[PDB]
Amino acid sequence: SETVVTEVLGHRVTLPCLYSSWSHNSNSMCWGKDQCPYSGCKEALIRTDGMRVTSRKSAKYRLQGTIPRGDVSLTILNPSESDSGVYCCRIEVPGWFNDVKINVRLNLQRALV
Ligand SMILES: [Ca+2]
């Protein structure tokens, strides 16, 4: 189950991810490219605890919504062709075998002419 986002041709683009029951005392999440990151959320594009981003692969990735409300959509600055493809938003939920995996396919194109 994925949401498809289409953008032609570039300055910034947001990939939706919402987890409305989010609690700052329980939740954290991360984003990954091509595949969902593993439990624990290491080596990811960007990652949060219950309140805020705590690391990212580069400045190209932002989270602008309220993280304590589960607005964890990824903003990608200056996106380009290689930014296309599958992305996965992994919600970390207490317990095992219960993390939520949300997929967005980003179609980043240019005008045809
Ligand atoms: Ca879990």
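Just so you know, ligand 1 is whichever comes first in the structure, and atom 1 is the first atom listed for that ligand. For reference, positions follow the sequence shown, starting with 1. Both backbone and side-chain heavy atoms feed into the values below; hydrogens, waters and symmetry mates do not.
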Worksheet entry | Contact check: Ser39 to the Ca ion (ligand 1), N/O/S below 3.0 Å | no

Worksheet item: Can you tell me if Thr14 and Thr75 form a side-chain donor-acceptor pair at under 3.5 Å?
Response: yes

Worksheet item: Taking the Ca ion (ligand 1) as the vertex, how big is the angle to OD1 in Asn98 and O in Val93, rounded to 10°?
Response: 90°

Item to complete: Output yes when a side-chain donor or acceptor of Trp31 lies under 3.5 Å from a complementary backbone atom of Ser73, and no otherwise.
Response: no

Discussion item. Under 3.0 Å from the Ca ion (ligand 1) - does any N, O or S atom of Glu92 fall there?
Written reply: no

Worksheet item: So does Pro94 have any N/O/S atom less than 3.0 Å away from the Ca ion (ligand 1)?
Response: no

Discussion item. Nearest N/O/S atom of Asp99 with respect to the Ca ion (ligand 1), by atom name, please.
Written reply: OD1

Discussion item. For the CD atom on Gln109, are there more than 12 heavy atoms of other groups (residues, nucleotides or ligands in this structure) within a distance under 6.0 Å?
Written reply: yes

Item to complete: For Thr6 and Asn107, indicate whether the former's side chain and the latter's backbone hold a donor-acceptor pair under 3.5 Å.
Response: no

Worksheet item: Does the shortest distance from the Ca ion (ligand 1) to an N/O/S atom of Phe97 fall below 3.0 Å?
Response: no

Worksheet entry | Residue pair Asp83 / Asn78: nearest heavy atoms and the distance that separates them | OD2-O, 4.1 Å

